[PDB]
Amino acid sequence: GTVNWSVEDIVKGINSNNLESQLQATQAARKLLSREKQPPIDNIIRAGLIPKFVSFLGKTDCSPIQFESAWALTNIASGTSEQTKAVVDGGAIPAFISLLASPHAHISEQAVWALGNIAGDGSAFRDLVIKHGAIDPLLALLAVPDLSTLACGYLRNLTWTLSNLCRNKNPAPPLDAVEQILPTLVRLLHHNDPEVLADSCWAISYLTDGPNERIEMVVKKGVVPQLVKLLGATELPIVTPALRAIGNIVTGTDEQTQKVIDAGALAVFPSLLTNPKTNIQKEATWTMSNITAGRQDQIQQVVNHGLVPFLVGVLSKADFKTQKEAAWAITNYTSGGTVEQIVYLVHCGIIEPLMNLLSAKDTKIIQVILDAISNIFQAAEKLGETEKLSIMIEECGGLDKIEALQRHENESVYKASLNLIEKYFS
Amino acid sequence: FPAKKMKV
């Protein structure tokens, strides 16, 4: 029927003066654009069909052509930034926003999807969708007593589009829009569908990727406990965005980090720091490094949860990037920690793996490590135990590596190594 | 991960 038309047949049908023929040709276009392999997006655009589709969006008396044109434009807008720009230039934004109030659920959903792609293109189109007033009707679609009464796919598409309205930076979304969206986002963050939860955590992670004021906008809504709960979920698509959100939050002030700690987040990190997925381990170690860079009572919270041995483990064996985040965590620990806490750090066996990591080719990890060593040596000086530490470093081959780093081409590297040698290995 | 979805 409408399977595998040519673009010229589609153009001939859409340019006819017969609404029904236009509907058939539009459906044919939709089917061309929804095939598995290589849809002819550029050919459809070059045929000049976008304005016709946009005009079909407004044909209230023929909802089928509204749906087919909405679907076709959706799939065009799903492509490159140039194709999405083609959809926007046709005036599609206000038309889709108008369709958000359609009495037909599938048409309204299709509009939600299209706006999701357009806004998902980038900060500019995101802000333009917002300027046309999409947030009010979008959120109105979710103003029901119980989200479970909505269709699963409907709710999933709404959540996804909203998450795209929270996505991208330079600039971040307008503050007023984020405040307008955040309550519904909190509501979705408590829904029982895994995809709604994943997309909600992603949206929160977007909103927390920024200055402390944005982080505060999120944290003030009281979502941290829920974020920890989801951090303990079994579905990796949930744990990943939840962990990213937590990390972002702990990049903020010590009080926000403290709200993460009070929610019980640390209790989850024994598993996260041994998670079989590399990215979970890396992001968890990065989060930890942003915790050990905080107050001494917070470092002490890290200690009490038994997470220092897990850091020693990651530093001993893990993907190199995860090991680098571990080195950062150690250097922050030693920078802000007390003498007792640094002593405890050595008692857990940090020295040997820390030394082994000096044979890495990455310059910055060598710098980080040498700073950590400097700090530990400072604690030893404050305890008069520097000799024993020098012996520790010498028995595991660390002294050889430092002495060799004296010949390292980087300035700060061979500076720090020279200082360590002449000050503690004479 | 990509932010756009093609409806197949």
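Along the chain as shown, the residues are counted starting at 1.
Cβ coordinates come from backbone N, Cα and C, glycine included.
Database features (Swiss-Prot):
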REGION    A:71-167  region 'NLS binding site (major)'
REGION    A:244-332  region 'NLS binding site (minor)'
REPEAT    A:41-80  repeat 'ARM 2'
REPEAT    A:81-122  repeat 'ARM 3'
REPEAT    A:129-173  repeat 'ARM 4'
REPEAT    A:175-211  repeat 'ARM 5'
REPEAT    A:212-251  repeat 'ARM 6'
REPEAT    A:254-293  repeat 'ARM 7'
REPEAT    A:296-338  repeat 'ARM 8'
REPEAT    A:339-385  repeat 'ARM 9'
REPEAT    A:386-425  repeat 'ARM 10'
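Beyond its flanks by at least six residues, the repeat 'ARM 6' (A:212-251) meets 172, 175, 178-179, 182-183, 186, 189-190, 194-195, 197-198, 201-202, 204-205, 257, 259-260, 263-265, 268, 272, 277, 279-280, 283-284, 286-287, 290-291, 294 of its own chain at Cβ-Cβ distances under 8 Å. For the repeat 'ARM 2' (A:41-80), same-chain residues at least 6 beyond its ends with a Cβ under 8 Å from one of its own Cβ atoms are 7, 10-11, 14, 19, 22-23, 26-27, 29-30, 32-34, 86-92, 95-96, 98-99, 102, 104, 106-107, 110-111, 113-114, 117-118, 121. Per-class residue totals from DSSP over the repeat 'ARM 4' (A:129-173), listed helix then strand then coil: 26 helix, 0 strand, 19 coil. Secondary structure of the repeat 'ARM 3' (A:81-122) per DSSP, as helix, strand and coil residue counts: 33 helix, 0 strand, 9 coil.
Residue counts for the repeat 'ARM 6' (A:212-251) by DSSP state, with H, G and I taken as helix and E and B as strand, are 31 helix, 0 strand, 9 coil.
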